[PDB]
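Chain naming here is simple, since letters A, B, ... match the order of the sequence lines and numbering starts at 1 in each.
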Amino acid sequence: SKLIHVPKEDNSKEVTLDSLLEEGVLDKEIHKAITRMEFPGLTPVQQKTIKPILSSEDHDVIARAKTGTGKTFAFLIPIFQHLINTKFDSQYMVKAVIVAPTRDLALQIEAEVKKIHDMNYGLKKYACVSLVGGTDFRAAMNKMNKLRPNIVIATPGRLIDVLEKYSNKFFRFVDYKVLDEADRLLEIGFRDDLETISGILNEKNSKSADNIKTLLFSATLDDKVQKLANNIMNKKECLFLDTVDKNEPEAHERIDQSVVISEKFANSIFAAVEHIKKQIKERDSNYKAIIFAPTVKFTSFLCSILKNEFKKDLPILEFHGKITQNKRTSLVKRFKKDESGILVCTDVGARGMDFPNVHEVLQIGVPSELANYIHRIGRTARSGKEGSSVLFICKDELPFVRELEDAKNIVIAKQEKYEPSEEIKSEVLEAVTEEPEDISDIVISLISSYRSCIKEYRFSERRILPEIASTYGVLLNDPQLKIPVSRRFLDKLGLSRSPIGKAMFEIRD
RNA sequence: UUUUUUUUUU
Ligand SMILES: Nc1ncnc2c1ncn2[C@@H]1O[C@H](COP(=O)(O)OP(=O)(O)NP(=O)(O)O)[C@@H](O)[C@H]1O
Ligand SMILES: [Mg+2]
């Protein structure tokens with residue numbers, strides 16, 4: 001269908017809460033709730049999207065704005081207005097369905113909706129319920145029945161679960177569906193779930209199959225995503241509201257980026273330790289940082305190291321998809337509040353999470369996808385604030401850095417080499433309590449991880465994979481020792497006839 | 001010797 005570009009204008013008139021009120025777009029009660037938050041003004045994306053989203057023109061909306069610039073209220077504000085506009089119609093029915101790629105981002109959006117509620121008790125009648133995995137199903141359904149929300153916030157899995165059983169009871173009058181982190185929800189693995197979600201909401205709608213308007217929001221999207229959303233976009237028009245220039249890099253400009261290039265992968269562990277050590281001394285422990293790692297198992301290992309080194313200076317929080325949902329929520333609650341600390345996580349916390357006044361984002365390794373470089377570093381430098389990022393990689397991961405220039409126009413200025421001293425190696429490795437069996441599982445998880453992104457990051461399989469596997473030897477402090485495996489295991493990997501496989505593993509069967 | 005997420009507490 002037709003895609004109307006609305007690119008960035010640098011001389012247009014500043015839209016405001018006051019102006020939107022007097023103009024007739026915003027009602028007094030929603031103006032009241034947002035004014036009480038005391039924001040200097042509305043953000044560029046907020047100014048650009050609120051009126052169009054509410055416009056009675058029959059169109060979908062795509063919107064791109066940078067990490068930290070308030071996309072959340074860019075959609076929650078217009079949604080509330082629509083609930084006010086139609087307050088007497090279908091008042092016990094879900095009118096807006098917000099979907100997100102992680103549970104913690106679903107729970108964050110709900111939280112923001114609750115913040116709108118607490119700034120105006122009048123808006124509480126427009127109830128909100130979150131349907132996400134890891135929580136009691138029955139209890140959430142009790143909440144749907146008792147509150148009869150007009151807004152649902154969800155992750156795909158649990159939403160499908162609920163839709164297949166209660167789409168008739170709550171979901172026949174949905175008017176808006178929002179895909180936050182849209183580009184991710186349309187990658188393989190979520191796209192089919194979204195298409196099921198969209199298909200059900202469309203079939204079950206009481207007005208028509210094309211009633212629902214669709215809102216796509218992300219810091220990383222182009223026209224390419226309008227093709228992928230094709231099967232879930234009903235309307236004949238689609239506004240593309242852009243606050244970033246066509247060629248301007250998507251990364252937030254205020255973030256001071258740098259990359260530290262080690263000779264081995266494992267060396268990035270020592271680089272990161274020395275860095276955090278230097279920040280704690282220099283900032284007198286006034287340091288809030290997020291450190292990303294490629295896998296659950298390596299993340300867990302990384303926490304052990306950082307605990308041993310830094311627990312006396314700072315709290316170290318472990319955040320990934322194998323942390324139970326109760327703890328995920330509570331530790332997100334803490335790191336939102338805390339002035340200082342290190343959150344160690346996978347890409348579960350790459351997108352959307354809003355942790356105020358993070359000083360630095362650190363990365364050991366590459367992200368799970370190219371776009372996520374941008375989102376990772378976007379956890380810092382939010383709402384006007386400053387921030388730095390350091391990417392810790394090895395020589396063999398440099399093609400990733402090049403691909404950032406080629407595919408995304410991201411040119412990291414600050415680069416430098418790193419080589420660990422024997423003392424840091426001793427300090428870190430002697431504190432490690434993991435058995436060689438545990439160390440194998442961790443390195444093996446890294447081989448798989450790096451194997452997945454070879455084509456995407458243009459890696460040399462013959463160089464990159466032996467370097468990751470040699471991490472096993474470095475951590476046990478015997479560089480020429482190889483990972484003990486069976487022939488049956490080597491055949492699952494499809495490397496029994498590969499020289500690359502001879503370099504990585506030793507058969508100890 | 002489940003690479004990041006994502007129902008199965010329906
Ligand atoms: N108009 C505003 N002025 C100043 N701060 C704001 C405004 N709107 C929202 N914020 C705050 O900005 C922070 C980030 O907002 P958020 O909606 O998470 O940005 P975002 O575009 O969704 N970032 P991401 O999803 O990570 O790309 C939140 O803590 C809000 O409280
Ligand atoms: Mg956001």
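Using a 4.0 Å heavy-atom cutoff across all strands shown, A:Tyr166 reaches at least one base atom of the nucleic acid. Residue A:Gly134 is classed as a base contact, given a heavy-atom separation below 4.0 Å to a base.
Looking at the side chain of A:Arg328, the nearest of the listed nucleotides B:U3, B:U6, B:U10 is B:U6. The A:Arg158 side chain lies nearest to B:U7 when the options are B:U6, B:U3, B:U7. Which of B:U3, B:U1, B:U5 sits closest to the side chain of A:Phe489 comes down to B:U1. Candidate nucleotides B:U1, B:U5, B:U10 were compared by shortest atom distance to the side chain of A:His320, and B:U5 ranks first. Distance from the side chain of A:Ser368 is smallest to B:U4 among B:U6, B:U10, B:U4. Here the side chain of A:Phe190 is nearest to one of B:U3, B:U5, B:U7, namely B:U5. When each of B:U1, B:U6, B:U4 is scored by its nearest atom to the side-chain atoms of A:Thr155, the top-ranked nucleotide is B:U6. Relative to the side chain of A:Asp161, the nucleotides B:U8, B:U10, B:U3 differ in distance, and B:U10 lies closest. Side-chain atoms of A:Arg103 lie closest to B:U7 of the nucleotides B:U3, B:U10, B:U7. Taking every side-chain heavy atom of A:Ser486 into account, B:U1 is the closest of B:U1, B:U6, B:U4.
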For residues 152-165 of chain A, tabulate all N or O donor-acceptor pairs below 3.5 Å that involve a side-chain atom, not counting sequence neighbours.
{"residue": "A:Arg158", "atom": "NH1", "partner": "A:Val132", "partner atom": "O", "Å": "3.3"}
{"residue": "A:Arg158", "atom": "NH1", "partner": "A:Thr135", "partner atom": "O", "Å": "3.3"}
{"residue": "A:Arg158", "atom": "NH1", "partner": "A:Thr135", "partner atom": "OG1", "Å": "3.2"}
{"residue": "A:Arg158", "atom": "NH2", "partner": "A:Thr135", "partner atom": "O", "Å": "3.0"}
{"residue": "A:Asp161", "atom": "OD1", "partner": "A:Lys165", "partner atom": "NZ", "Å": "2.6"}
{"residue": "A:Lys165", "atom": "NZ", "partner": "A:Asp161", "partner atom": "O", "Å": "2.6"}

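Judged by distance alone, with hydrogens and angles left aside, A:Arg351 brings no side-chain donor or acceptor close enough to the base of B:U4 to form a pair under 3.5 Å.
OP1 or OP2 of B:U3 has at least one side-chain nitrogen or oxygen of A:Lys297 nearer than 4.0 Å. The phosphate of B:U5 has OP1 or OP2 within less than 4.0 Å of a side-chain N or O from A:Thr346.
Stacking of the bases of B:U4 and B:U5 is indicated, with six-membered ring centres separated by less than 5.5 Å and ring planes inclined by less than 30°.
For the residue pair A:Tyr373/A:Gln257, the side-chain donor-acceptor check at 3.5 Å is satisfied. Side-chain contact check for A:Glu318 and A:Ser300: at least one donor-acceptor pair (N or O, by modelled atom type) lies under 3.5 Å.
Close placement of the A:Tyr450 and A:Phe265 rings is indicated, their centers lying within 6.0 Å of each other.
Screening residues 352-364 of chain A for salt bridge (charged side-chain N to carboxylate O under 4.0 Å, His left out), with sequence neighbours left out, gives A:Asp354-A:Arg382.
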